[PDB]
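Asker: Pasting an experimental structure, sequence included:
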Amino acid sequence: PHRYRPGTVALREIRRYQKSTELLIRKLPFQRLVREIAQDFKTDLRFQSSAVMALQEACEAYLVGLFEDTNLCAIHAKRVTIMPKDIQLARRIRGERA
Amino acid sequence: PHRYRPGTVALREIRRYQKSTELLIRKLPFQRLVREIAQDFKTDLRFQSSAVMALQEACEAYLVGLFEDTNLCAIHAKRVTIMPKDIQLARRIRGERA
Amino acid sequence: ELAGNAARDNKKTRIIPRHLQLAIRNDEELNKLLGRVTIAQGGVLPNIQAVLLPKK
Amino acid sequence: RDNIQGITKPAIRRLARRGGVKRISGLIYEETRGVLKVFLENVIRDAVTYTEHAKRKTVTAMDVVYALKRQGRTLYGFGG
Amino acid sequence: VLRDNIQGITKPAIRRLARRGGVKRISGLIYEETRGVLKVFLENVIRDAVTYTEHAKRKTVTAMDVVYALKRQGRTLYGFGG
DNA sequence: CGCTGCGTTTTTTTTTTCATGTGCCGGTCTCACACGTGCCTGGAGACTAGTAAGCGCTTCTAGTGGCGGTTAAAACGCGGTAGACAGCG
DNA sequence: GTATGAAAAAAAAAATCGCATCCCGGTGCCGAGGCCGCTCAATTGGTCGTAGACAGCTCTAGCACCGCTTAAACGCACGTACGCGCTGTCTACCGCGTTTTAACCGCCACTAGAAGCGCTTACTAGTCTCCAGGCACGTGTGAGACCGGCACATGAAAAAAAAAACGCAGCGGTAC
Ligand SMILES: [Ca+2]
Ligand SMILES: [K+]
Ligand SMILES: [K+]
């Protein structure tokens, strides 16, 4: 057959997802996680559909913004791949960890 | 002849200045700057000596903060010298710039 | 409490800012709390990154 | 359960692609799962504090807005 | 009478800052880069400060103006009237 | 001519000095902490009074299941290529 | 005999090829846009009371000098270890095609809890008067820095001693 060279699907996967705004985590998975994490701080809580989507709209905004910073670090290391030691450097400079 | 190998004094110099707390910018210079910079906003100003000192404490603390963030970016690129690119990267992830 | 111990260690009777710095920065919680707080005449905790040390 | 794995590899990759990430180490996926959990935990904590204080057993969008604003992650278009 | 004072933040002074930084090795280009970031930072804080001074019909910038300025800028200073 | 080893001359690596900045002890001088005293303002007392807020009851929303169906999306795995990491100058 | 000349291979730029993304309409459904009449929150108008504008007066503290002293900044010089680019190995992360799964729909029925409406109480703001806590003055004594003399662990040098290229010499082999 024919096949696209490692990367050129990615570059497209970028252009696609930058030009769009649909939320990229599956709605129900996320929501279960939210209630999982909420039981910690209080049992038999109830959420407004919107309040779940308010969280999901943030988490995604944040992670997106992180990866942006992450990617600039990986690139700073004359790399193209992102790795944990790039996230951690971002988050340290951001001031989330020590 | 007796000489210490490049980056040996440097390391001593660290231990020295990390153990101490005194302002490292000679005070008159710094003061002159502040007033030079105050002109840009209002002519024939005056400064409480404590104001001038409240700035120098602030600036010196900021810079020392940057160079720590800076220095982890240099190190991120398997380096040891700090380079403008490192500061640039640090301010970038901080939010001081785009 | 923590800063007062800072001043023992240092063999000093009066607390100076640096004892406050060493107190706050060395406690995880207090440091989260004073995250965006500069402490005049407080300096930095001694820290030197490993890669910068000589190998011998 | 353990719904954190419900944040599938391809979804994280999706976010990274919006982030403008070309290449993605296999480790990342679990790391991201960690950072995400911290973030949800922290927001949800303060959110549910805001709920409990109003005495409601239902968490509102406004709980979550107030939290995000505290947490320094202000949100537009759910009120407040 | 010395219209370019940014220079008075002398290479050695910046070296020392960088030392407290925990920096072993300093590119030459830095100093200027530093001087520049310094300038921005002072400029930013002192603007806000003088705003506060001016708002109080004073000709004299107070230590409190500088704190109110540092607090706004997200850069909070203890030990001058906090 | 070509090799081969073996004394030579140098290089690498070890051992011992050695000159350096360290932080360590114990006596002088300074101005900053601590006390104190006396004055003044801002907290306490107490009672008045007017209104916020908390609890129960009224309604009806909007949140929580749950039921299948189809499809788009994850899963998994194989195959190869380009990018991460070390090593050289 | 010798300068010579066309095969291999390498590298490269062009044309199938096919593959995924944008524009043309056509279909329909849903949500924005807009009116309806109802409710309270904005306005009107007047009075009572205080916040702050105002001009002085006070004294502070900020400016600016004098003129030594020294430390720090500056400015050269010599060399080393770090930055940086170039390569080439291997493996891990992308791309595409089976197989597995669970999300997203458009229904269901049920209940809590949200959210509103009332009535009642106890909880605050609001007077005033009255002490004492707390602050702006002036005093003094001691911690602590500062100075200079110490052994003291040190990394840098100096002094021996366990290896890797260099001569240079002995000698065997081999055609001739
Ligand atoms: Ca000394
Ligand atoms: K409800
Ligand atoms: K004054």
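Answerer: Perfect, I can see it now. Numbers count the residues shown, from 1 in each chain, chains lettered A, B, ... in the order given. Ligands and ions are numbered 1, 2, ... in the order given.

Asker: which residues of chain D fall in helices?
Answerer: D:9-19, D:28-54, D:61-70 (DSSP state H).

Asker: Adding mean neighbour count, write those out as JSON lines.
Answerer: (Each C-beta comes from the backbone N, C-alpha and C, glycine too.) Output for these, formatted as JSON lines (neighbours: other C-beta atoms under 10 Å in any protein chain shown):
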{"stretch": "helix D:9-19", "mean neighbour count": "21"}
{"stretch": "helix D:28-54", "mean neighbour count": "19"}
{"stretch": "helix D:61-70", "mean neighbour count": "22"}
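
Asker: show me what contacts residue C:56?
Answerer: Residue C:56 makes contact with no residue, according to C-beta atoms under 8 Å, 6 or more residues apart in numbering or on different chains.

Asker: picking that back up, so which of the helices of chain D comes closest to chain A?
Answerer: helix D:9-19 (2.8 Å; C-beta to the nearest C-beta).

Asker: so does the closest one get close to DNA strand F?
Answerer: Yes. Applying C-beta under 7 Å from any atom of the strand, one finds that helix D:9-19 is in contact with DNA strand F at D:9-11.

Asker: What helix or strand is the residue of chain C found nearest chain A located in?
Answerer: For chain C and chain A, the shortest gap (C-beta to the nearest C-beta) falls at residue C:35, measuring 6.7 Å. Using DSSP states H and E, residue C:35 sits within no helix or strand.

Asker: Kindly reformat the residues of helix D:9-19 next to DNA strand F as CSV containing distance to residue A:73.
Answerer: Converted to CSV, these look like this (distance: C-beta to C-beta, whole Å):
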residue, distance to residue A:73
D:9, 21
D:10, 23
D:11, 22
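
Asker: Give me the residue at the spatial middle of chain D.
Answerer: residue D:40 (3.8 Å; C-alpha atoms, centre = their mean).

Asker: Now do the contacts for that residue.
Answerer: A:33-34, A:37, A:55, A:59.

Asker: Roughly how far does it sit from DNA strand F?
Answerer: 16 Å (C-beta to the nearest atom of the strand, to the nearest Å).

Asker: cool, and residue A:91?
Answerer: On the measure of C-beta to the nearest atom of the strand, residue A:91 and DNA strand F end up 19 Å apart.

Asker: Which other helices and strands does the host helix or strand of that residue contact?
Answerer: Residue A:91 belongs to helix A:84-94 when assigned by DSSP H and E. Contact analysis of helix A:84-94 by 3 or more C-beta pairs under 8 Å, 6 or more residues apart in numbering or on different chains; DSSP states H and E lists helix A:49-76, helix B:49-76, helix B:84-94, helix D:28-54 as its packing neighbours.

Asker: need the contact list for residue D:29.
Answerer: D:9, D:12.

Asker: what about the helices in chain C?
Answerer: C:2-9, C:17-26, C:28-33.

Asker: most neighbours per residue, which of those?
Answerer: When you average the neighbours per residue for each of those (mean count of other C-beta atoms under 10 Å in any protein chain shown), helix C:17-26 leads with a mean of 20.

Asker: what sits against whichever residue of chain A sits closest to chain B?
Answerer: Nearest to chain B, among the residues of chain A, is residue A:93, at 4.3 Å (C-beta to the nearest C-beta). Residues near residue A:93 by C-beta under 8 Å, 6+ apart: A:69, B:69, B:72-73, B:90, B:93-94.

Asker: how far off helix D:9-19 does the helix or strand in which residue A:34 is found point, in degrees?
Answerer: Counting by DSSP H and E, the element that carries residue A:34 is helix A:27-41. Using axes from the mean of the first three to the mean of the last three C-alpha atoms, to 10 degrees, the inter-axis angle of helix A:27-41 relative to helix D:9-19 is 100 degrees.

Asker: between helix A:27-41 and helix A:49-76, how many degrees?
Answerer: 100 degrees.

Asker: after helix A:27-41 comes which helix or strand?
Answerer: Using DSSP H and E, the first helix or strand after helix A:27-41 is strand A:46-47.

Asker: Are that next one and chain D in contact anywhere?
Answerer: Yes. Applying C-beta under 8 Å from any C-beta of the partner chain, one finds strand A:46-47 touching chain D at A:46-47.

Asker: Please name the residues that touch the closest residue to residue C:31 other than its chain neighbours.
Answerer: Spatial nearest neighbour of residue C:31, excluding adjacent residues (C-beta to C-beta, 6 or more residues apart in numbering or on different chains): residue C:25 at 5.5 Å. Neighbour list for residue C:25: C:31, C:44-45 [criterion: C-beta under 8 Å, 6+ apart].

Asker: What distance do you get for residue C:25 to residue A:44?
Answerer: Distance, residue C:25 to residue A:44, using C-beta to C-beta, to the nearest Å: 41 Å.

Asker: For residue A:83, which of the helices of chain C is the nearest?
Answerer: helix C:28-33 (26.5 Å; C-beta to C-beta).

Asker: Contacts for that closest one next, please.
Answerer: So helix C:28-33 is contacted by A:98, C:2, C:23-25 (C-beta under 8 Å, 6+ apart).

Asker: I'd like the residues you listed laid out as JSON lines, including distance to residue A:82.
Answerer: Listed next are the contacts of helix C:28-33 as JSON lines, based on distance: C-beta to C-beta, whole Å:
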{"residue": "A:98", "distance to residue A:82": "22"}
{"residue": "C:2", "distance to residue A:82": "39"}
{"residue": "C:23", "distance to residue A:82": "38"}
{"residue": "C:24", "distance to residue A:82": "34"}
{"residue": "C:25", "distance to residue A:82": "31"}
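
Asker: The residues you listed into JSON lines, with extra columns for distance to DNA strand F?
Answerer: Formatted as JSON lines, those follow (distance: C-beta to the nearest atom of the strand, whole Å):
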{"residue": "A:98", "distance to DNA strand F": "24"}
{"residue": "C:2", "distance to DNA strand F": "18"}
{"residue": "C:23", "distance to DNA strand F": "17"}
{"residue": "C:24", "distance to DNA strand F": "19"}
{"residue": "C:25", "distance to DNA strand F": "20"}
